[PDB]
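So the structure is just underneath, and the comments pick up after that.
Protein chains: 2
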Amino acid sequence: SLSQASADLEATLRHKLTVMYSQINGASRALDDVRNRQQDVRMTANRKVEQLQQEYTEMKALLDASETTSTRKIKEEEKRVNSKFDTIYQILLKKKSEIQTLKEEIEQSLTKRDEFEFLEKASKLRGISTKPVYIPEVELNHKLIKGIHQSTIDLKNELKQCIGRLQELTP
Amino acid sequence: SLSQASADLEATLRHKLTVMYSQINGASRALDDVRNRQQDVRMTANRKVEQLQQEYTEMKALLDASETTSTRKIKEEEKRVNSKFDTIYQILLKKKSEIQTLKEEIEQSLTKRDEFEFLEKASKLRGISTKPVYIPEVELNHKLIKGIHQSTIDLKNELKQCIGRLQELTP
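Going down the list, the sequences are from chains A and B. Reminder that position 65 of the first sequence reads as 65 in my numbering, one-by-one numbering, no gaps. Reminder that position 95 of the second sequence reads as 1095 in my numbering, one-by-one numbering, no gaps.
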């Protein structure tokens, strides 16, 4: 009968309802999975960025170590040179004081010169002959210093080249 | 006479005095000159140190530029992927709502199932057919990302090598 065709239609539609209910749950599950997958993508990315930052921090530590070393070599050269000059300064003080002493001896005999015995006493002073001072050349190691500067420039340009090539790998 | 030998000695000794006075002035001017040369050495040294610091400051600027570039590339990959997922989320919402709409239409006709005209009205609904939803394949470029990481490590070890060579060039 038509009551049978109608109860049949009802059964069909309710079965459809249960199927579509499960398919909707499927779509919900999928929406969640999508947002989750996105957040996992983000986390992965940030992790990699943080690793990069680690490598660059080490690279900067290397640069600092180098710069400190080179700086030390330069200040050592300066130190060596200015020490030589220090020695020289001492030597000059010693010469000056010596000459000043002979000067005062002479002036002495000249003050008590009208005594008869002036000739007897001062002819020995006729002898002493003093020299003028000079300053030895002291030369800073220009080749060492210019070598360091230049090589540091070289290092920079090598680094520039390397970076260029890296970024090149990733156009 | 001995008065002549004495006036002679006097002339000699006084000449010596003036010479020694000049030589002493010489030694003072020489001490100052030495101090000048030392100051010049220091200035040269500090100058060179400042130049070094310049090159290292530029090298750090280069590292920063690179790191920023690489970071950007990684974030670009992340953004590409999460955009695809956003599009997918929209598509999924649309499918879900579509199935949900058919579901509510069916449920509606079922609220009128005890009406005589139910069979007439709902057989068309017997038509309805819906499918399950899925997420398509979408993956992060792991080769690109790991390649950037690895190449950055490479860069670090190259730089390390170069620095080593520089410092060994100035032994």
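C-beta: ideal position from N, C-alpha, C; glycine also.
Candidates the options, of which the one nearest residue i by Cα
i        : options                                : result
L155(A)  : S1151(B), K1160(B), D1154(B)           : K1160(B)
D1032(B) : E117(A), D114(A), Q90(A)               : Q90(A)
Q1167(B) : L63(A), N36(A), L2(A)                  : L63(A)
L17(A)   : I1135(B), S1109(B), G1026(B), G1147(B) : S1109(B)
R1037(B) : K124(A), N141(A), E137(A), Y56(A)      : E137(A)
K95(A)   : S1028(B), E1115(B), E1098(B)           : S1028(B)
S1001(B) : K73(A), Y134(A), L119(A), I145(A)      : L119(A)
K1079(B) : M43(A), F85(A), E67(A), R14(A)         : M43(A)
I128(A)  : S1006(B), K1084(B), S1003(B), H1015(B) : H1015(B)
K124(A)  : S6(A), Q53(A), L102(A)                 : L102(A)
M20(A)   : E1107(B), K1112(B), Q1051(B), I1099(B) : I1099(B)
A7(A)    : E1104(B), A1007(B), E1117(B)           : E1117(B)
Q1051(B) : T71(A), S97(A), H142(A)                : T71(A)
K73(A)   : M59(A), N157(A), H149(A), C162(A)      : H149(A)
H142(A)  : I1024(B), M1059(B), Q1039(B), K1048(B) : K1048(B)
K131(A)  : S97(A), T111(A), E158(A)               : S97(A)
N157(A)  : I1024(B), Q1004(B), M1059(B)           : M1059(B)
Residue i burial status per 10 Å Cβ neighbour count (16 or more: buried)
i        : result
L1092(B) : buried
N82(A)   : buried
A1122(B) : buried
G1147(B) : exposed
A1061(B) : exposed
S22(A)   : exposed
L9(A)    : buried
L169(A)  : exposed
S66(A)   : buried
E76(A)   : exposed
Under 7 Å between C-beta atoms of residue i and residue j
i        : j       : result
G1026(B) : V133(A) : yes
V1041(B) : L140(A) : yes
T1068(B) : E55(A)  : no
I1135(B) : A45(A)  : no
Scan the stretch 116-165 of chain A and note each continuous alpha helix (DSSP H) run of 4 residues or more that stays entirely inside, going in chain order. 118-127
Taking beta-carbon pairs under 7 Å, can you tell me which members of the stretch 145-165 of chain A lie near chain D? Among the chains of the structure shown, chain D does not appear; the protein chains present are A and B.
Alpha helix (DSSP H) segments (min. 4 residues) lying fully within the stretch 1041-1126 of chain B: 1118-1126
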